[PDB]
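Results of the structural survey
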Amino acid sequence: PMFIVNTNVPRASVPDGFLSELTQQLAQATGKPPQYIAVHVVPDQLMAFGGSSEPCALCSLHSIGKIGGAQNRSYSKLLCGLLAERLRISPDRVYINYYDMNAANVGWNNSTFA
Amino acid sequence: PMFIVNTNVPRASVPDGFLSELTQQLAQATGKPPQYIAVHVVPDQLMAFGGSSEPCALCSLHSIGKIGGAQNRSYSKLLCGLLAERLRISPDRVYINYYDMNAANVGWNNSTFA
Amino acid sequence: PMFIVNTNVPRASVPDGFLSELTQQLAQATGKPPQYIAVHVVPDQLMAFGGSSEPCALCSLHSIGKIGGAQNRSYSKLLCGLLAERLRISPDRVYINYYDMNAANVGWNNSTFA
Ligand SMILES: Cn1ccc2ccc(-c3cn(-c4ccc(O)cc4)nn3)nc2c1=O
Ligand SMILES: Cn1ccc2ccc(-c3cn(-c4ccc(O)cc4)nn3)nc2c1=O
Ligand SMILES: Cn1ccc2ccc(-c3cn(-c4ccc(O)cc4)nn3)nc2c1=O
């Protein structure tokens, strides 16, 4: 899986351990190997949510499977919880785009998964 | 909705009120409530379009509905117009990916929109 | 087409010619005209792959057509090869999301491609 979070929170306010925590928590939530979860945090961004520049986050999660109605609700609670606790971003100011990728449409290690 | 624009134009060229203008203009164009529109502008990027590094922009608009043939043409006219007038980017050096997202695939406020 | 590569490799380690090389190699592999290929490289990112901070990359390729099983395998070999040779990123630390975009969902030049 691939998880990206873009935010206007400053870099200094991203705690040590955050990328590793996202990796472990996503492995637990998706069942996917932590070795093959990629995480990316982009602080200091020029962004607004509802016209306001208070802390916010725009995110994505891509996976081959493990994406669906009930799972995505669970991931949203998990990820909003982490962003609130670690980055002090309110959950009402977080968006996450989920993508159920076809195995043929993900490149990795010189090939795909199909 | 979520609107992102990445560009090689420098930060100092982005007008102070650009995020607010995008929010208001997208609410009018999509009919979506302004308090749910998120906007993100990323200047100073290392990019090329046709192998040239003249001003360009790569963008995305995600929305649950309000995406379609005629609507997307209208959004492109609006958004290319703003990028041309505000950032001095030629419309023929702008790409916008439109995504009609399922509500179950958009996380927000500890859940999804489904 | 649109190709984006986000990486933790530092900016100074991106060679002169990298964007031009990507543009030309993508035109050859896809058959798409190079004047319409956009490329974007984002170095110095805070990202991890498998919890590790060794060089890695998270990428996307969007195209109207030219996306499919065998084609995407070919693009992955090409792009991992370039990232390995030019940015010193191991292929097993590269993910690429492929998107076959409907022409009506690609904005350009004040309109769309359909
Ligand atoms: C059992 N096993 C073993 C190795 C593995 C290795 C990789 C994956 C895997 C990777 N993605 C993914 C990553 C980035 C994207 O942008 C989209 C999808 N989805 N699944 N899954 C497995 C897996 O399920
Ligand atoms: C009538 N009504 C009322 C409330 C509302 C509230 C929210 C939305 C809404 C949110 N998205 C969206 C945001 C971020 C994404 O990354 C993708 C999609 N699309 N629509 N729509 C409505 C809406 O249409
Ligand atoms: C034959 N011919 C001629 C002109 C042309 C002109 C443009 C394209 C074209 C552009 N995209 C694209 C760009 C950015 C995106 O974000 C998504 C898709 N895909 N194809 N294709 C052609 C093409 O195939």
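As recorded in the entry header, the structure was determined using X-ray crystallography to a resolution of 1.17 Å.

Once that is clear, we can look at the interface of chain A and chain C. For an interface, size is often stated in terms of accessible area lost upon the parts coming together. If you look at the interface, chain A gives 29 residues, while chain C gives 27 residues. Elements represented by at least two residues in the side of chain A that touches chain C include exactly α1 (18-30), β2 (38-42) and β6 (106-108) of chain A. For the side of chain A that touches chain C, the leading source of residues is β2(A), giving five residues. A class-by-class count of the residues in the side of chain A that touches chain C yields 17 nonpolar, 11 polar and one charged. In the sheet, β2(A) pairs with strand β3 (residues 46-49) of chain C via four bridges, with the strands oriented antiparallel. If you follow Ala38(A) over to β3(C), its bridge partner there is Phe49(C).

A few words on the interface of chain B and chain C. Each partner contributes to the interface: chain B provides 27 residues, whereas chain C provides 29 residues. Broken down by secondary-structure element, the contributors of at least two residues to the side of chain B that touches chain C are β3 (46-49), β4 (57-63), α2 (69-87) and β5 (94-100) of chain B. Counting residues per element, the side of chain B that touches chain C draws most heavily on α2(B), at seven residues. Per-class residue counts for the side of chain B that touches chain C are 14 nonpolar, nine polar and four charged.

Moving on: the UniProt feature "active site" in chain A. Summarizing the sequence annotation, UniProt attributes the feature "active site" to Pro1(A) in the numbering used throughout. Checked against the element boundaries, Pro1(A) lands in the segment before β1 (2-7). By relative accessible area, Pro1(A) is classed as buried at 13%. Look past the residues within four positions of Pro1(A) in its chain and what remains in contact with it is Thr30(A), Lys32(A), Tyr36(A), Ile37(A), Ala38(A), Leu61(A), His62(A), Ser63(A) and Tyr95(C).

This brings us to the UniProt feature "binding site: substrate" in chain A. All names here are of chain A. When the UniProt feature table is mapped to this numbering, "binding site: substrate" covers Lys32, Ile64 and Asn97. Relative to the assigned elements, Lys32 resides in the loop between α1 and β2. For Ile64, a relative accessible area of 27% translates into the label partly exposed. Excluding residues within four positions of it along the chain, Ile64 makes contact with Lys32, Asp100, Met101, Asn102, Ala103, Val106 and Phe113.

On to the pattern of salt bridges. All names here are of chain A. For the structure shown, the criterion picks out five salt bridges over all chains. Here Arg86 ties to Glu85 by a salt bridge, and the two come within 3.6 Å at their closest N and O atoms. Among the charged side chains, a network of salt bridges with common partners joins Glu21, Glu85 and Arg86.

The rules behind the values
- Residues numbered from 1 in each chain as written, not as in the entry; some residues may be left out.
- Chains lettered and ligands numbered in written order.
- Heavy atoms only, no water.
- Residues with missing side-chain atoms left out of burial classes, pairs and counts.
- Contact = heavy atoms within 4.5 Å.
- Helix = DSSP H or I, 4+ residues; strand = E, 2+ residues; numbered from the N terminus.
- Nonpolar A, V, L, I, M, F, W, Y, C, P; charged D, E, K, R; others polar.
- Pairing = 2+ DSSP bridges.
- UniProt positions renumbered as here; feature names shortened; annotations may be inferred.
- Buried < 20%, exposed > 50% of the residue type's maximum accessible area, 1.4 Å probe, protein only.
- Salt bridge = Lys/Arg side-chain N within 4 Å of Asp/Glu carboxyl O.

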